[PDB]
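Coming up is one lone chain in structure tokens, specifically the form deposited in one PDB entry.
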């Protein structure tokens, strides 16, 4: 028990909706849809305990197409009229001892919200010991961490 591997499940992809009269004051003309590109946990658990930042690379026609999200939720909303590939770069907390992980997602606008989401698992083959303390102390634990006396 020198090295201990561990995985974390994630969901990545986008949702999209047709845009009506309700839109931001500076919504580019001819943009027909809004969309949210994201990296999430199952049950929308906050995944910032292992993810440090997510960097989304949009199409080069977008202003400042490299969008770095450095606090949760790891998502951004944009508008547009068409589909293209987005490069999602996931960076990990130091204790994970894991380099950047790349995903590529094709934005989906059709077919009334649409959802194009992919389930994957990030593996950490050589995390620091401290990584497991971070993981196990994340909110929501119900179990005892000591021998808790109890009646029959």
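We call the rigid core the largest set of C-alpha positions that still match within 1.5 Å between the two forms. Numbering follows the first chain given and starts at 1.
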(message) If I compare the deposited sequence with the modelled residues, how many are absent between residue 111 and residue 112: none, 1 to 3, 4 to 9, or 10 or more?
(response) 10 or more
(request) Output the stretch having the higher mean C-alpha B factor in the entry; the candidates are 51 to 59 and 92 to 100. (result) 92 to 100
(message) On mean Cα temperature factor in this entry, is 135 to 143 or 20 to 28 the higher one?
(response) 20 to 28
(request) By the entry's C-alpha temperature factors, tell me which of 43, 36, 68, 87 sits highest. (result) 43
(request) For residue 119, return the chain-relative third of its C-alpha B-factor as stated in the PDB record: lowest, middle or highest. (result) highest
(request) Sorting the chain's modelled residues by C-alpha B-factor, tell me whether residue 14 ends up in the lowest, middle or highest third. (result) lowest
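The next section is about a form of this same protein that is not shown, the form solved in complex with a partner chain.
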(message) Whether residue 59 contacts its partner chain in the entry with it bound should be assessed with a 4.5 Å heavy atom distance threshold; does it?
(response) yes
(message) Test of understanding: in the entry with it bound, would residue 46 fall inside 4.5 Å of its partner chain by heavy atoms?
(response) no
(message) residue 51 versus its partner chain, in the entry with it bound: is there a non-hydrogen atom within 4.5 Å?
(response) no
(message) Quick check on residue 63: any heavy atom within 4.5 Å of its partner chain in the entry with it bound?
(response) no
(message) When the rigid core is used for the superposition, does residue 127 move between the shown form and the other one (threshold: C-alpha shift of 2 Å or more)?
(response) yes
(request) Examine residue 23 after superposing the rigid core and state whether its CA is displaced by 2 Å or more between the shown form and the other one. (result) yes
